[PDB]
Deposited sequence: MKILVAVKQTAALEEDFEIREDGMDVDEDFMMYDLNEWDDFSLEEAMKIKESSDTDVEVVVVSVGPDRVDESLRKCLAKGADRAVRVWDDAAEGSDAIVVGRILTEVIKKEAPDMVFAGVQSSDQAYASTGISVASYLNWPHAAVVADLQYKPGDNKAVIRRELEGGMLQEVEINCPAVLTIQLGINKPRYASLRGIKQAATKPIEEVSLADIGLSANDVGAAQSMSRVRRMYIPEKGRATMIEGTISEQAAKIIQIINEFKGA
């Protein structure tokens, strides 16, 4: 019994970041990298399933990305993931959600897991696409935005709740194996912020430069730019006068 968890190391930007000379991305010098927030919850859900079971449950984390990503995979192993896999070649640079879905599927084919978990979306690009693209290439049952999972290892069905707009959920019975995208709040991850990572090349999974990268993506980036955004009226001063302005605004509202 095996659960495969696809994880992304996302980038967040420091203040005063700049667009790189070619205009296709932000300068990497302004990026801070960490595990995608949604992956904390999906990894925790796999671990909860592992701990609730007397049957062995292998939890395998997999990420497509350059060598910086090993730091995040190492942290997953430290939380009790059994194995971690990084897939990369430089040709994979610029791969969108659909191409990454394809690459992930080639690993999943070899791992032959009983369930695949992915996050609802990434905190950086927020495509909300990668996990369900994997489901297409696998041709597996799937559901997106899973906030509850009733599943025991080896069951051929599970019952999920998907989190809908406007304060409601929908219970859905889904055939297993399945791909699920996992929403924030499904559990309370316990670790709130020597076994090597397995390194896999495109060649290892039967792919070449022609299968991946920007040229095989389903849209082309023309440019990335810092837009003009709306601007607040910043209240400067001491805490006391900032509070005084808020009260005046409150009073204006009340009268």
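Sequence ranges 194-201, 264 have no coordinates in this entry (deposited sequence, numbered from 1, C-alpha basis).
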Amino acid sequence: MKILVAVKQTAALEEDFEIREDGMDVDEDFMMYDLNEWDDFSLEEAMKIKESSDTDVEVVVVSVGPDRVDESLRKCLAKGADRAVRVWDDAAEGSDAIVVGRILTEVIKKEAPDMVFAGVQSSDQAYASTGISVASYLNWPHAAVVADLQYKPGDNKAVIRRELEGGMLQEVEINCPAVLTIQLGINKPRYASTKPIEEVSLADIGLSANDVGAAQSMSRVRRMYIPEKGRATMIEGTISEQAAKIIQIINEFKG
From here on, numbers count along this sequence of modelled residues.
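Rigid core here is just the name for the largest C-alpha set that superposes within 1.5 Å across the two forms.
Where the structures in 5 other deposited structures of this protein are fitted on the rigid core, 184-192 is the one of 184-192 and 208-216 whose C-alphas sit farther from the shown form on average. Stretch 224-232 is the one, of 224-232 and 64-72, whose CA positions lie farther from the shown form in 5 other deposited structures of this protein once all structures are superposed by the rigid core. Higher mean CA temperature factor, per the PDB entry, when comparing 71-79 with 119-127: 71-79.
The mean Cα B-factor in the deposited entry runs higher for 245-253 than for the other of 3-11 and 245-253. Residue-level inspection of the entry shows that, of 35, 192, 60, 186, 192 has the top Cα B-factor. In this PDB entry, the Cα temperature factor of residue 100 sits in the bottom third of its chain's modelled residues, the lowest group. Per the deposited record, the Cα B-factor of residue 49 falls in the middle third when ranked against the other modelled residues of its chain. Per-chain ranking of the deposited C-alpha B factor places residue 217 in the middle third.
In the deposited entry, the Cα temperature factor of residue 30 places it in the highest third of its chain's modelled residues. In this PDB entry, residue 90 carries a Cα temperature factor that places it within the highest third of its chain's modelled residues.
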